[PDB]
$ cat input_32.pdb   # PDB, N, CA and C atoms
ATOM      1  N   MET A   1     -13.786   1.062  88.702  1.00  0.00           N
ATOM      2  CA  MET A   1     -14.727   2.187  88.421  1.00  0.00           C
ATOM      3  C   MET A   1     -14.331   2.900  87.124  1.00  0.00           C
ATOM      4  N   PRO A   2     -14.374   2.162  86.048  1.00  0.00           N
ATOM      5  CA  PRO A   2     -14.013   2.723  84.725  1.00  0.00           C
ATOM      6  C   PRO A   2     -15.137   3.619  84.195  1.00  0.00           C
ATOM      7  N   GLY A   3     -16.208   3.737  84.929  1.00  0.00           N
ATOM      8  CA  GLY A   3     -17.339   4.592  84.465  1.00  0.00           C
ATOM      9  C   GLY A   3     -18.307   4.835  85.623  1.00  0.00           C
ATOM     10  N   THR A   4     -17.798   4.949  86.819  1.00  0.00           N
ATOM     11  CA  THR A   4     -18.689   5.191  87.989  1.00  0.00           C
ATOM     12  C   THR A   4     -17.947   6.038  89.024  1.00  0.00           C
ATOM     13  N   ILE A   5     -17.323   7.100  88.592  1.00  0.00           N
ATOM     14  CA  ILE A   5     -16.576   7.970  89.545  1.00  0.00           C
ATOM     15  C   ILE A   5     -17.481   9.111  90.016  1.00  0.00           C
ATOM     16  N   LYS A   6     -18.272   9.656  89.132  1.00  0.00           N
ATOM     17  CA  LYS A   6     -19.177  10.769  89.532  1.00  0.00           C
ATOM     18  C   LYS A   6     -20.500  10.189  90.034  1.00  0.00           C
ATOM     19  N   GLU A   7     -21.010   9.190  89.365  1.00  0.00           N
ATOM     20  CA  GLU A   7     -22.295   8.577  89.802  1.00  0.00           C
ATOM     21  C   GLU A   7     -22.145   8.043  91.228  1.00  0.00           C
ATOM     22  N   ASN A   8     -20.934   7.911  91.697  1.00  0.00           N
ATOM     23  CA  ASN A   8     -20.721   7.397  93.078  1.00  0.00           C
ATOM     24  C   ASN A   8     -20.752   8.565  94.064  1.00  0.00           C
ATOM     25  N   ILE A   9     -20.126   9.657  93.723  1.00  0.00           N
ATOM     26  CA  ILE A   9     -20.125  10.829  94.642  1.00  0.00           C
ATOM     27  C   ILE A   9     -21.564  11.307  94.849  1.00  0.00           C
ATOM     28  N   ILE A  10     -22.350  11.322  93.806  1.00  0.00           N
ATOM     29  CA  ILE A  10     -23.764  11.769  93.950  1.00  0.00           C
ATOM     30  C   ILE A  10     -24.394  11.042  95.141  1.00  0.00           C
ATOM     31  N   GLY A  11     -23.960   9.841  95.410  1.00  0.00           N
ATOM     32  CA  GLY A  11     -24.532   9.080  96.556  1.00  0.00           C
ATOM     33  C   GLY A  11     -23.780   9.443  97.837  1.00  0.00           C
ATOM     34  N   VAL A  12     -22.506   9.710  97.732  1.00  0.00           N
ATOM     35  CA  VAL A  12     -21.719  10.070  98.945  1.00  0.00           C
ATOM     36  C   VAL A  12     -22.142  11.458  99.432  1.00  0.00           C
ATOM     37  N   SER A  13     -22.416  12.358  98.526  1.00  0.00           N
ATOM     38  CA  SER A  13     -22.832  13.728  98.940  1.00  0.00           C
ATOM     39  C   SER A  13     -24.289  13.698  99.405  1.00  0.00           C
ATOM     40  N   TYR A  14     -25.134  13.002  98.695  1.00  0.00           N
ATOM     41  CA  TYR A  14     -26.567  12.930  99.099  1.00  0.00           C
ATOM     42  C   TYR A  14     -26.659  12.583 100.587  1.00  0.00           C
ATOM     43  N   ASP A  15     -25.633  11.987 101.133  1.00  0.00           N
ATOM     44  CA  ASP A  15     -25.665  11.623 102.577  1.00  0.00           C
ATOM     45  C   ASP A  15     -25.004  12.730 103.403  1.00  0.00           C
ATOM     46  N   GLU A  16     -23.772  13.052 103.108  1.00  0.00           N
ATOM     47  CA  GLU A  16     -23.078  14.121 103.878  1.00  0.00           C
ATOM     48  C   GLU A  16     -24.012  15.319 104.022  1.00  0.00           C
ATOM     49  N   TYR A  17     -24.736  15.634 102.985  1.00  0.00           N
ATOM     50  CA  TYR A  17     -25.679  16.786 103.053  1.00  0.00           C
ATOM     51  C   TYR A  17     -26.784  16.455 104.060  1.00  0.00           C
ATOM     52  N   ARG A  18     -27.466  15.362 103.849  1.00  0.00           N
ATOM     53  CA  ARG A  18     -28.553  14.962 104.784  1.00  0.00           C
ATOM     54  C   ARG A  18     -27.948  14.585 106.138  1.00  0.00           C
ATOM     55  N   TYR A  19     -26.647  14.636 106.254  1.00  0.00           N
ATOM     56  CA  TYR A  19     -25.973  14.283 107.524  1.00  0.00           C
ATOM     57  C   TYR A  19     -25.187  15.502 108.030  1.00  0.00           C
ATOM     58  N   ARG A  20     -25.097  16.522 107.221  1.00  0.00           N
ATOM     59  CA  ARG A  20     -24.323  17.742 107.597  1.00  0.00           C
ATOM     60  C   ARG A  20     -24.943  18.456 108.809  1.00  0.00           C
ATOM     61  N   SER A  21     -26.235  18.636 108.835  1.00  0.00           N
ATOM     62  CA  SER A  21     -26.849  19.362 109.984  1.00  0.00           C
ATOM     63  C   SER A  21     -27.987  18.546 110.589  1.00  0.00           C
ATOM     64  N   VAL A  22     -27.748  17.300 110.852  1.00  0.00           N
ATOM     65  CA  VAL A  22     -28.812  16.441 111.426  1.00  0.00           C
ATOM     66  C   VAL A  22     -28.225  15.549 112.529  1.00  0.00           C
ATOM     67  N   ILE A  23     -27.024  15.072 112.349  1.00  0.00           N
ATOM     68  CA  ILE A  23     -26.413  14.190 113.381  1.00  0.00           C
ATOM     69  C   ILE A  23     -26.315  14.944 114.709  1.00  0.00           C
ATOM     70  N   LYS A  24     -25.838  16.158 114.681  1.00  0.00           N
ATOM     71  CA  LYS A  24     -25.724  16.942 115.943  1.00  0.00           C
ATOM     72  C   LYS A  24     -27.077  16.949 116.660  1.00  0.00           C
ATOM     73  N   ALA A  25     -27.298  16.011 117.540  1.00  0.00           N
ATOM     74  CA  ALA A  25     -28.597  15.966 118.269  1.00  0.00           C
ATOM     75  C   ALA A  25     -28.445  16.660 119.623  1.00  0.00           C
TER      76      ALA A  25
END
$ encode --input "input_32.pdb" --output "structure tokens"
Amino acid sequence: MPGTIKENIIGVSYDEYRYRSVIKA
């Protein structure tokens, strides 16, 4: 990842957020 360290988190957070208050069913 010589040039994909931040472009990767944008995808990891896009989920944790959409998963932060939704999994708790």
$ atom_distance --input "input_32.pdb" --atom1 "atom C of residue A:22" --atom2 "atom N of residue A:8"
23.4 Å
$ select_by_dssp --input "input_32.pdb" --residues "chain A" --states "helix (DSSP H, G or I)" --output "list in words"
residues 6, 7, 8, 9, 10, 11, 12, 13, 14, 15, 16, 17, 18, 19 and 20 of chain A
$ atom_distance --input "input_32.pdb" --atom1 "atom C of residue A:21" --atom2 "atom N of residue A:7"
24.2 Å
$ atom_distance --input "input_32.pdb" --atom1 "atom CA of residue A:25" --atom2 "atom N of residue A:9"
26.7 Å
$ decode --input "input_32.pdb" --residues "chain A" --atoms "N, CA, C and O atoms" --output "short mmCIF file (atom, residue, chain, number, x, y, z; two decimals), in the first residue's frame"
data_model
loop_
_atom_site.label_atom_id
_atom_site.label_comp_id
_atom_site.auth_asym_id
_atom_site.auth_seq_id
_atom_site.Cartn_x
_atom_site.Cartn_y
_atom_site.Cartn_z
N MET A 1 0.85 -1.22 0.00
CA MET A 1 0.00 0.00 0.00
C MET A 1 0.88 1.26 0.00
O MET A 1 0.83 2.05 0.92
N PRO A 2 1.65 1.40 -1.04
CA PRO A 2 2.55 2.57 -1.17
C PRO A 2 1.76 3.82 -1.55
O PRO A 2 2.30 4.90 -1.69
N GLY A 3 0.47 3.69 -1.72
CA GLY A 3 -0.36 4.87 -2.10
C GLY A 3 -1.84 4.54 -1.91
O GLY A 3 -2.68 5.00 -2.66
N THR A 4 -2.16 3.76 -0.92
CA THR A 4 -3.59 3.40 -0.69
C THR A 4 -3.82 3.21 0.81
O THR A 4 -4.41 2.24 1.24
N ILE A 5 -3.35 4.13 1.61
CA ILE A 5 -3.54 4.00 3.09
C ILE A 5 -4.81 4.76 3.51
O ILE A 5 -5.55 4.31 4.36
N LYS A 6 -5.05 5.90 2.92
CA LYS A 6 -6.26 6.68 3.29
C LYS A 6 -7.43 6.23 2.42
O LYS A 6 -8.55 6.07 2.88
N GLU A 7 -7.19 6.03 1.15
CA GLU A 7 -8.29 5.59 0.24
C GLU A 7 -8.86 4.26 0.74
O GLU A 7 -9.93 3.84 0.34
N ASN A 8 -8.16 3.59 1.61
CA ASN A 8 -8.66 2.29 2.14
C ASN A 8 -9.54 2.54 3.36
O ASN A 8 -10.59 1.95 3.51
N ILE A 9 -9.14 3.43 4.22
CA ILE A 9 -9.96 3.72 5.43
C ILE A 9 -11.32 4.27 4.99
O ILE A 9 -12.35 3.93 5.54
N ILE A 10 -11.33 5.12 3.99
CA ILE A 10 -12.63 5.68 3.52
C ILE A 10 -13.62 4.53 3.32
O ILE A 10 -14.81 4.69 3.48
N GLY A 11 -13.13 3.37 2.96
CA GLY A 11 -14.05 2.21 2.75
C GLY A 11 -14.29 1.50 4.09
O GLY A 11 -15.36 0.98 4.34
N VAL A 12 -13.31 1.48 4.94
CA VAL A 12 -13.49 0.80 6.26
C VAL A 12 -14.45 1.62 7.13
O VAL A 12 -15.25 1.08 7.86
N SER A 13 -14.37 2.92 7.05
CA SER A 13 -15.27 3.78 7.87
C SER A 13 -16.67 3.79 7.24
O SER A 13 -17.67 3.69 7.92
N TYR A 14 -16.74 3.91 5.94
CA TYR A 14 -18.07 3.93 5.27
C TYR A 14 -18.91 2.75 5.77
O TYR A 14 -20.12 2.77 5.70
N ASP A 15 -18.28 1.74 6.29
CA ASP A 15 -19.04 0.56 6.80
C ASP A 15 -19.28 0.71 8.30
O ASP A 15 -20.41 0.70 8.76
N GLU A 16 -18.24 0.86 9.07
CA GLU A 16 -18.41 1.01 10.54
C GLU A 16 -19.52 2.02 10.81
O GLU A 16 -20.33 1.85 11.70
N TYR A 17 -19.57 3.07 10.04
CA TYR A 17 -20.63 4.10 10.24
C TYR A 17 -21.98 3.47 9.91
O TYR A 17 -22.89 3.45 10.72
N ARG A 18 -22.12 2.94 8.72
CA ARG A 18 -23.40 2.30 8.32
C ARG A 18 -23.62 1.03 9.15
O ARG A 18 -24.61 0.36 9.00
N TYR A 19 -22.68 0.70 10.00
CA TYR A 19 -22.80 -0.51 10.84
C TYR A 19 -22.79 -0.10 12.32
O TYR A 19 -23.00 -0.91 13.20
N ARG A 20 -22.51 1.14 12.58
CA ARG A 20 -22.43 1.64 13.99
C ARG A 20 -23.80 1.54 14.70
O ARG A 20 -23.87 1.13 15.84
N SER A 21 -24.86 1.95 14.07
CA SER A 21 -26.18 1.91 14.76
C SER A 21 -27.21 1.18 13.90
O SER A 21 -28.30 1.66 13.68
N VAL A 22 -26.86 0.03 13.40
CA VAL A 22 -27.80 -0.73 12.54
C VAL A 22 -27.76 -2.22 12.90
O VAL A 22 -28.76 -2.90 12.89
N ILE A 23 -26.60 -2.73 13.22
CA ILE A 23 -26.50 -4.17 13.57
C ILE A 23 -27.38 -4.47 14.78
O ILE A 23 -28.13 -5.43 14.80
N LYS A 24 -27.30 -3.66 15.80
CA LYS A 24 -28.13 -3.90 17.01
C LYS A 24 -29.60 -4.04 16.60
O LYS A 24 -30.32 -3.07 16.50
N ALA A 25 -30.04 -5.24 16.34
CA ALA A 25 -31.46 -5.44 15.93
C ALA A 25 -32.30 -5.81 17.15
O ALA A 25 -32.21 -5.11 18.15
#
